[PDB]
Amino acid sequence: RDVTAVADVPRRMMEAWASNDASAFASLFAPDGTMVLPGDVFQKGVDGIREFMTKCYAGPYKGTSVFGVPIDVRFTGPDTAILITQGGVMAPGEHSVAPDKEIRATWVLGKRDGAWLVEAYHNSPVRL
Amino acid sequence: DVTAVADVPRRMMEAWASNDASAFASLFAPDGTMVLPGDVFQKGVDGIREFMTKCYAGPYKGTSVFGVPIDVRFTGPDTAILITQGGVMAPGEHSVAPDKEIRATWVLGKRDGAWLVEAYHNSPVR
């Protein structure tokens with residue numbers, strides 16, 4: 001069963017995010033991985049993400065943690081799977097994502113050398 | 001394949017300009033995914049067609065979409081990923097408004113020689 005290896009990827013992030021570890025966060029991505037977030041956010045490559053998330057974790061994302069569940073998991077090929085999760089960012093102090101900051105995310109996972117990595121990430125708000 | 005992949009966003013822009021919900025949905029894989037800002041998450045061609053029908057007859061009526069591929073990438077032989085920037089242009093206007101500009105992640109899978117959209121997801125720039 002590799003269906004559990006796929007679902008561990010969003011879990012691997014929550015721990016990396018909870019530690020506010022930019023390196024552990026960016027190391028989830030494929031070497032030429034993509035990440036697009038609401039706002040003027042677009043980072044390509046592991047180095048481009050580690051730099052952005054370091055400045056983020058030291059700023060507006062400090063003391064924040066994330067949580068979300070997969071609401072759709074499908075495999076396209078043998079080495080590529082696509083996830084759609086739903087959760088968001090918790091502020092420091094609160095133990096629940098505010099509905100104004102709830103998001104849905106598209107995870108494009110790729111398999112190489114027996115492991116899965118994020119080929120592309122992208123999320124958007126659920127509320128307006 | 002290089003041109004075909006780059007032709008997928010262009011095959012939409014014509015389908016959108018015609019307000020054709022069918023031609024838009026036929027771009028997607030059978031189990032294709034589309035996620036948009038707001039509570040919008042459609043799965044499957046039938047789900048997307050029904051959604052876009054209400055949109056093209058609704059708020060998206062008479063609108064067209066421009067978009068520039070700012071990153072094209074091949075993950076494998078049968079899969080490719082595109083990141084595009086642009087947005088929906090209102091009738092009468094000849095430029096996408098700053099507060100309507102978006103970036104989209106396109107996920108293309110190659111089946112039987114043709115490329116179909118496995119996943120689409122966009123988000124506001126402002």
# chains A, B, ... in the order shown; residues from 1 in each chain; ligands from 1
>>> interface_residues(of="chain A", to="chain B", cutoff="6 Å", atoms="only C-alpha atoms", output="list in words")
residues 38, 39, 40, 124, 125, 126, 127 and 128 of chain A
>>> residues_around(residues="range 25-33 of chain A", least_positions_apart="5", cutoff="12 Å", atoms="only C-alpha atoms", output="PyMOL selection string")
(chain A and resi 6+8-20+42-54+56-57+107-113+115-122) or (chain B and resi 71-75+81-83+105)
>>> residues_around(residues="residue 22 in chain B", least_positions_apart="5", cutoff="9 Å", atoms="only C-alpha atoms", output="ChimeraX atom specification")
/B:15,27,45,48-50,52-53
>>> atom_distance(atom1="CA of residue 68 in chain A", atom2="CA of residue 25 in chain B")
28.0 Å
>>> select_by_dssp(residues="range 42-84 of chain A", states="strand (DSSP E or B)", output="MDAnalysis selection string")
chainID A and resid 42:44 65:75 80:84
>>> write_last_selection(atoms="N, CA and C atoms", output="PDB file, in the first residue's frame")
ATOM      1  N   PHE A  42       4.915  33.029  -5.543  1.00  0.00           N
ATOM      2  CA  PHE A  42       5.255  32.006  -6.522  1.00  0.00           C
ATOM      3  C   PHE A  42       6.729  31.650  -6.375  1.00  0.00           C
ATOM      4  N   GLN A  43       6.994  30.429  -5.924  1.00  0.00           N
ATOM      5  CA  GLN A  43       8.360  29.976  -5.697  1.00  0.00           C
ATOM      6  C   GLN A  43       8.630  28.676  -6.440  1.00  0.00           C
ATOM      7  N   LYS A  44       9.766  28.618  -7.127  1.00  0.00           N
ATOM      8  CA  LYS A  44      10.163  27.412  -7.842  1.00  0.00           C
ATOM      9  C   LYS A  44      11.523  26.926  -7.355  1.00  0.00           C
ATOM     10  N   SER A  65       0.699  26.934  13.153  1.00  0.00           N
ATOM     11  CA  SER A  65       0.712  25.529  12.772  1.00  0.00           C
ATOM     12  C   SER A  65      -0.449  25.270  11.825  1.00  0.00           C
ATOM     13  N   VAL A  66      -0.343  24.221  11.016  1.00  0.00           N
ATOM     14  CA  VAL A  66      -1.400  23.909  10.062  1.00  0.00           C
ATOM     15  C   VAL A  66      -2.009  22.529  10.293  1.00  0.00           C
ATOM     16  N   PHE A  67      -3.228  22.352   9.798  1.00  0.00           N
ATOM     17  CA  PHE A  67      -3.905  21.065   9.843  1.00  0.00           C
ATOM     18  C   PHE A  67      -4.950  21.004   8.744  1.00  0.00           C
ATOM     19  N   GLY A  68      -5.012  19.873   8.050  1.00  0.00           N
ATOM     20  CA  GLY A  68      -5.983  19.685   6.989  1.00  0.00           C
ATOM     21  C   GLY A  68      -6.163  18.222   6.638  1.00  0.00           C
ATOM     22  N   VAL A  69      -7.341  17.869   6.140  1.00  0.00           N
ATOM     23  CA  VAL A  69      -7.597  16.491   5.744  1.00  0.00           C
ATOM     24  C   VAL A  69      -7.716  16.376   4.231  1.00  0.00           C
ATOM     25  N   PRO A  70      -7.262  15.246   3.674  1.00  0.00           N
ATOM     26  CA  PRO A  70      -7.459  15.006   2.243  1.00  0.00           C
ATOM     27  C   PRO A  70      -8.928  14.739   1.943  1.00  0.00           C
ATOM     28  N   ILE A  71      -9.492  15.489   1.004  1.00  0.00           N
ATOM     29  CA  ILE A  71     -10.878  15.285   0.605  1.00  0.00           C
ATOM     30  C   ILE A  71     -10.942  14.633  -0.773  1.00  0.00           C
ATOM     31  N   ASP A  72      -9.770  14.410  -1.360  1.00  0.00           N
ATOM     32  CA  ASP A  72      -9.655  13.721  -2.641  1.00  0.00           C
ATOM     33  C   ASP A  72      -8.234  13.214  -2.869  1.00  0.00           C
ATOM     34  N   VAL A  73      -8.102  11.907  -3.071  1.00  0.00           N
ATOM     35  CA  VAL A  73      -6.806  11.294  -3.343  1.00  0.00           C
ATOM     36  C   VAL A  73      -6.904  10.334  -4.522  1.00  0.00           C
ATOM     37  N   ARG A  74      -6.209  10.660  -5.608  1.00  0.00           N
ATOM     38  CA  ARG A  74      -6.205   9.804  -6.789  1.00  0.00           C
ATOM     39  C   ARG A  74      -4.820   9.695  -7.413  1.00  0.00           C
ATOM     40  N   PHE A  75      -4.523   8.522  -7.962  1.00  0.00           N
ATOM     41  CA  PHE A  75      -3.281   8.295  -8.687  1.00  0.00           C
ATOM     42  C   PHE A  75      -3.547   8.413 -10.182  1.00  0.00           C
ATOM     43  N   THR A  80       2.884   9.278 -10.163  1.00  0.00           N
ATOM     44  CA  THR A  80       2.264  10.565  -9.860  1.00  0.00           C
ATOM     45  C   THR A  80       0.873  10.430  -9.246  1.00  0.00           C
ATOM     46  N   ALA A  81       0.659  11.128  -8.134  1.00  0.00           N
ATOM     47  CA  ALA A  81      -0.641  11.167  -7.479  1.00  0.00           C
ATOM     48  C   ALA A  81      -1.036  12.613  -7.195  1.00  0.00           C
ATOM     49  N   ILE A  82      -2.339  12.875  -7.157  1.00  0.00           N
ATOM     50  CA  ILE A  82      -2.840  14.229  -6.939  1.00  0.00           C
ATOM     51  C   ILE A  82      -3.759  14.306  -5.726  1.00  0.00           C
ATOM     52  N   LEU A  83      -3.467  15.238  -4.824  1.00  0.00           N
ATOM     53  CA  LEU A  83      -4.254  15.396  -3.606  1.00  0.00           C
ATOM     54  C   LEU A  83      -4.993  16.720  -3.569  1.00  0.00           C
ATOM     55  N   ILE A  84      -6.167  16.700  -2.952  1.00  0.00           N
ATOM     56  CA  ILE A  84      -6.880  17.923  -2.635  1.00  0.00           C
ATOM     57  C   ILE A  84      -7.201  17.900  -1.148  1.00  0.00           C
TER      58      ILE A  84
END
>>> atom_distance(atom1="CA of residue 12 in chain B", atom2="CA of residue 89 in chain B")
14.1 Å
>>> closest_residue(among="A:60, A:76, A:102, A:3", to="residue 30 in chain B", atoms="only C-alpha atoms")
A:76
>>> select_by_dssp(residues="chain B", states="alpha helix (DSSP H)", output="number ranges by chain")
B: 2-17, 21-25, 45-56
>>> atom_distance(atom1="CA of residue 20 in chain B", atom2="CA of residue 5 in chain B")
20.8 Å
>>> residues_around(residues="residue 8 in chain B", least_positions_apart="5", cutoff="8 Å", atoms="only C-alpha atoms", output="PyMOL selection string")
chain B and resi 27+115-117
